[PDB]
Structures are given as C-alpha cells and as structure tokens.
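Q: Numbering (the authors' numbering), first residue to last: 3 to 361.
Where a beta carbon is used, it is the ideal one built from N, C-alpha and C, also for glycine.
First the structure, then my questions, so here it is.
Next up, the structure:
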C-alpha cells in the first residue's frame with residue numbers, strides 16, 4: 003500500500019487499537035480523511051454472537067453525534083427560508099402558541115440556552131403526546147439565552163420544528179433530503195430490513211447485546227446510524243462545503259458559525275468550535291462534567307477565531323463515537339464503536355493521530 007496508507011495504519015494501530023482490550027470493546031471503525039483521500043481501519047466484531055467482523059458496510063449508532071445531522075437539517079431549512087433562527091417554536095408547532103416555551107427562539111433551542119431544559123426529559127415523559135404536554139407546561143427559570151445546559155429535549159424540539167417547517171417527518175427530512183444531499187448511501191434514522199445484517203449490536207457493561215429502543219423526540223438527539231465510509235463523506239462535506247450544491251453548502255456553512263463562547267469553547271450548531279491549534283487540555287475541558295452536566299453562563303462573541311477546528315463526542319456513557327476536523331489542514335477523523343469508551347480516551351487518541359500525520 004501507499005506510504006500514507008502504512009503511516010496512517012500505524013498511527014491508528016498505536017493510538018486506537020489498544021482501547022479495544024482496555025475497555026473490552028467488540029468492534030471499532032476508525033477513519034481519516036486527508037486531502038480528499040480516505041483511510042479506513044476496521045477492528046473486531048460487529049456482532050459477537052454471529053462472529054460478524056466489522057467492515058465497510060457495518061452500521062454503527064452515532065448517538066449524540068446525530069445532533070450534527072439535526073444541525074445540518076436546521077441550517078438547510080434556515081437557508082431555504084423555511085425558518086428563521088429568531089422564530090419561536092409555536093410558529094410551527096401550533097399547540098405551543100401562547101405558552102412560555104414560545105418565548106424561546108430556535109437558535110436558543112438548538113444551542114441549549116432556554117434556561118430550563120436538562121440533559122434528558124423527566125422519566126415520566128415517555129410518549130409523543132407527553133412530550134407535547136411537557137412543552138406546554140414548561141416555564142422558564144434562568145434568563146433565556148444566558149446559560150448553556152446541554153440538553154436532548156432542547157435540540158429535540160429544534161429538530162421537531164425543523165421537520166414541521168419542511169412539511170415532513172424528521173426521519174424523512176434526513177433520509178430523503180439531507181443524507182442524499184451529503185452523498186450518504188447507508189445512513190439511517192430507521193435501519194431497513196435489508197440492512198439489519200449490517201447493523202452492529204451494541205454492548206452494555208455486562209457485554210450483553212442491546213438494541214436501542216427509541217425515546218420520545220429521540221431521533222434529533224441520538225437517532226442516526228451510519229457507516230464509516232458515510233461518516234468520512236460527511237467529514238469531507240464539512241471540510242469542502244464549497245464543492246457541494248448551494249442548498250447543502252449553505253446548510254453546512256451555517257453549522258460552522260460560532261454562536262457564543264463558554265471559556266475556550268465556541269458553540270456552533272451541533273459542532274463545538276475551537277481556535278486552532280487547540281491544546282489537548284482545551285479539548286478535554288470541553289468534555290468536563292462542568293460543561294456537559296451543569297449550566298454555564300455564555301458570552302456573546304465579537305468575532306469567531308481566525309483559524310478554527312471542530313469536534314463532537316457521543317455520550318461518554320454510551321459507545322465510542324467521536325468526530326473532529328481541521329479545515330486549514332484539510333483533515334478529519336471519525337471513530338465508531340459498539341461499546342463504551344470514555345470520551346477523554348476518544349479525544350486523546352484522535353489528538354495524537356492528527357498531531358502526528360505528515361502533510
């Protein structure tokens with residue numbers, strides 16, 4: 003193989019492969035894209051019980067990386083004029099008109115600043131009807147727009163509004179509009195029967211196979227499944243949006259604009275944004291308990307960093323998804339697994355690889 007193939011294989015073997023034994027992870031896919039060249043490394047098993055090895059067709063759960071597709075869908079709708087980020091949700095979900103949540107705008111929902119939405123819905127909110135009742139009954143707490151609290155309900159409501167503005171269900175927004183515009187072939191909200199043999203099982207801490215059961219309004223927060231080649235195409239689109247037709251190009255660019263700052267992290271749509279180079283500590287700090295689990299006051303931005311990079315983790319207690327890209331270096335990395343790996347390990351391994359790859 004090419005010298006670049008061998009160099010990148012060695013770096014991934016050195017930095018990602020040891021995580022498999024350390025965390026007893028059945029399967030992993032790691033990809034690098036550099037200058038429109040893709041490098042794919044597959045390890046282990048998609049299904050332990052079937053002894054099916056991970057391969058280029060293996061579909062993994064993206065978990066919280068799904069929010070990047072919700073963000074792209076929102077950027078797409080905004081740039082088609084179907085929504086404005088200054089709108090409020092009751093303009094689209096009419097049952098929310100004349101309720102307190104209709105005082106929060108769509109950008110605030112997308113970027114977690116409503117001031118009273120936690121990581122998850124309350125346990126008793128289990129059905130679509132109950133989600134609507136929850137939002138009708140909601141009242142504000144913190145000054146709207148001033149505090150970031152990472153929140154699945156918040157971006158879930160944003161995704162629902164995006165779908166309503168496009169006159170189709172959220173799963174169809176992604177599967178019929180967004181995924182095709184990004185050139186993705188095996189990315190799904192609902193995996194079809196003809197692809198179930200490619201759909202990796204997840205594994206809990208007892209190494210038992212588990213298959214996600216959907217939660218209400220879950221798809222925009224954590225409901226996307228994809229392959230390594232598709233995720234490398236997605237990173238390519240984020241690195242080279244100018245090469246794509248206007249509607250999706252504008253959508254991608256919309257997700258790259260920082261909207262406010264918390265310490266050294268800038269919150270874009272879905273993506274977290276940093277000045278490049280970001281120190282390893284800066285990247286780790288973005289994943290701290292303080293940032294992920296607690297409210298943090300935001301600061302308006304005067305201007306975005308001059309040179310930028312972006313990342314997004316899955317949940318640290320779910321599996322092992324992580325994506326990162328650096329526009330100036332025309333490079334990005336994707337990691338997918340079917341077993342929990344701490345987010346700090348994902349960030350550290352990707353940092354080592356991207357810092358070592360030759361130009």
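Alpha carbon to alpha carbon, how far is residue 95 from residue 224? Give it in angstroms, no decimals.
A: Locating residue 224 in the chain shown gives position 222, where the first residue counts as 1. Locating residue 95 in the chain shown gives position 93, where the first residue counts as 1. Looking at the two C-alpha atoms, the distance is approximately 21 Å.
Q: Determine the closest residue to residue 292 out of 6, 46, 152, 245, with distance taken between C-alpha atoms.
A: Within the chain shown, residue 292 is the residue found at index 290, counting from 1. It is 152 whose Cα lies nearest to the Cα of residue 292.
Q: Using 10 angstroms around the beta-carbon of residue 28, count the other beta-carbons present and answer buried if the total reaches 16, otherwise exposed.
A: Looking up residue 28 in the chain shown gives position 26. Its Cβ being crowded by 16 or more others within 10 Å, residue 28 is buried.
Q: State yes or no: is the C-beta of residue 316 within less than 8 Å of the C-beta of residue 222?
A: As a first step, residue 316 is located in the chain shown; it is residue number 314 there, counting from the start. As a first step, residue 222 is located in the chain shown; it is residue number 220 there, counting from the start. Taking 8 Å as the Cβ cut-off, residue 316 and residue 222 do not qualify as a contacting pair.
Q: Have a look at residue 335 and residue 325 and give me their C-alpha separation to the nearest angstrom.
A: Residue numbering aside, residue 335 sits at position 333 when the chain shown is read from its first letter. Residue numbering aside, residue 325 sits at position 323 when the chain shown is read from its first letter. Near 6 Å, if we compare the C-alpha coordinates of residue 325 and residue 335.
Q: Determine the direct distance from the alpha carbon of residue 218 to that of residue 21, and round the result to whole angstroms.
A: Numbered from its first residue, the chain shown carries residue 21 at position 19. Numbered from its first residue, the chain shown carries residue 218 at position 216. The alpha-carbon atoms of residue 21 and residue 218 are separated by roughly 33 Å.
Q: Is the Cβ-Cβ distance between residue 98 and residue 104 less than 8 Å?
A: Along the chain shown, read from residue 1 onward, the residue named residue 98 stands at position 96. Along the chain shown, read from residue 1 onward, the residue named residue 104 stands at position 102. Against a cut-off of 8 Å, the Cβ pair of residue 104 and residue 98 comes out as a contact.
Q: Report buried or exposed for residue 52, applying the criterion of at least 16 other Cβ atoms within 10 angstroms of its Cβ.
A: Sequence index remark: in the chain shown, residue 52 carries index 50 (1-based). It is exposed - the Cβ of residue 52 has fewer than 16 other Cβ atoms within 10 Å.
Q: Residue 129: beta carbon under 7 Å from a heavy atom of the ligand ZN?
A: This structure does not include the ligand ZN; it has no bound ligands of any sort.
Q: By alpha-carbon positions, which one of 297, 358, 259 ends up nearest to residue 144?
A: Along the chain shown, read from residue 1 onward, the residue named residue 144 stands at position 142. Ranking 297, 358, 259 by Cα distance to residue 144 puts 297 first.
Q: By how many angstroms is the C-alpha of residue 250 removed from the C-alpha of residue 106?
A: For the purposes of this step, residue 106 is taken as the residue at position 104 of the chain shown. For the purposes of this step, residue 250 is taken as the residue at position 248 of the chain shown. Using only the alpha carbons, I get a separation of about 26 Å.
Q: Quick check: what's the CA-CA separation for residue 102 versus residue 121?
A: Taking the first residue of the chain shown as position 1, residue 102 is located at position 100. Taking the first residue of the chain shown as position 1, residue 121 is located at position 119. Spanning the two alpha carbons is a distance of roughly 20 Å.
Q: Report buried or exposed for residue 295, applying the criterion of at least 16 other Cβ atoms within 10 angstroms of its Cβ.
A: Indexing the chain shown from 1 puts residue 295 at position 293. Classification of residue 295: exposed, given that the 10 Å Cβ count is below 16.
Q: So, at 7 Å on beta carbons, what are the nonlocal neighbours of residue 284 in its own chain, with the 5 sequence-adjacent residues on each side left out?
A: For this step, residue 284 is matched to residue 282 along the chain shown. For residue 284, where only same-chain residues beyond five positions count, the Cβ hits under 7 Å are 266, 276.
Q: Bridge partners of residue 334, per DSSP?
A: If you number the chain shown from 1, residue 334 lands on position 332. Looking at the DSSP assignment, residue 334 forms a beta bridge with 35, 327.
Q: Taking 8 Å as the threshold, find out whether the region 167-180 comes into contact with the region 62-78 through three or more Cβ pairs.
A: yes
Q: If the criterion is Cβ atoms closer than 8 Å, does the pair residue 342 and residue 319 meet it?
A: Numbered from 1 along the chain shown, position 340 holds the residue referred to as residue 342. Numbered from 1 along the chain shown, position 317 holds the residue referred to as residue 319. Yes; because the gap between Cβ atoms is below 8 Å, this pair is in contact.
Q: According to DSSP, what are the bridge partners of residue 269?
A: The sequence position of residue 269 within the chain shown is 267, counting from 1. In DSSP, residue 269 forms a bridge with 262, 274.
Q: Based on Cα-Cα distance, which residue from 83, 228, 156, 146 lies nearest to residue 136?
A: Here residue 136 refers to the residue found at position 134 when the chain shown is read from its first residue. Checked all of 83, 228, 156, 146; the closest Cα to residue 136 is 156.
Q: Taking one C-beta from the region 256-274 and one from the region 307-315 each time, how about it: are there three or more such pairs within less than 8 Å?
A: yes
Q: Suppose contacts are defined by Cβ-Cβ distances below 8 Å. Is residue 220 in contact with residue 321 by that definition?
A: Translated into the one-based positions of the chain shown, residue 220 becomes position 218. Translated into the one-based positions of the chain shown, residue 321 becomes position 319. The answer is no: Cβ separation not under 8 Å.
Q: State buried or exposed for residue 212, treating a residue as buried only when at least 16 other CB atoms are found within 10 Å of its CB.
A: In the chain shown, counting from the first residue as 1, residue 212 sits at position 210. Around the beta carbon of residue 212, a 10 Å sphere encloses fewer than 16 other beta carbons of the protein chains shown; the residue is thus reported as exposed.
Q: State the start and end residues of the unbroken alpha helix (DSSP H) segment that holds residue 350.
A: As a position in the chain shown, residue 350 is number 348, starting the count at 1. Residues 345-358.
Q: Short check: CB of residue 87 to CB of residue 340, under 8 Å?
A: Translated into positions along the chain shown, residue 87 becomes position 85. Translated into positions along the chain shown, residue 340 becomes position 338. No, the pair does not count as a contact, with Cβ atoms beyond the cut-off.
Q: Kindly list the residues whose CB is nearer than 7 Å to the CB of residue 36, restricted to its own chain and excluding five residues on each side of it in sequence; keep chain order.
A: Within the chain shown, the letter at position 34 stands for residue 36. Same-chain partners within the cutoff: 332, 333, 359.
Q: Is it buried or exposed, residue 214, if we count other Cβ atoms within 10 angstroms and call 16 or more buried?
A: Taking the chain shown and counting its residues from 1, the one referred to as residue 214 is at position 212. So residue 214 counts as exposed.
Q: Quick one: Cα of residue 17 to Cα of residue 355, how far?
A: The sequence position of residue 17 within the chain shown is 15, counting from 1. The sequence position of residue 355 within the chain shown is 353, counting from 1. Using only the alpha carbons, I get a separation of about 7 Å.
Q: With residue 238 as the anchor, note down where its alpha helix (DSSP H) starts and where it stops.
A: Working through the chain shown from its first residue, we reach residue 238 at position 236. That run of the alpha helix (DSSP H) goes 230-241.
Q: Kindly give me the distance between the Cβ atoms of residue 235 and residue 185, rounded to whole angstroms, as I take these residues to be in contact under 8 Å.
A: Looking up residue 235 in the chain shown gives position 233. Looking up residue 185 in the chain shown gives position 183. Rounded, the Cβ-Cβ distance is 5 Å, consistent with contact.
Q: For a minimum of 3 consecutive residues, which ranges assigned as the beta strand (DSSP E) are wholly contained in the region 64-127?
A: none
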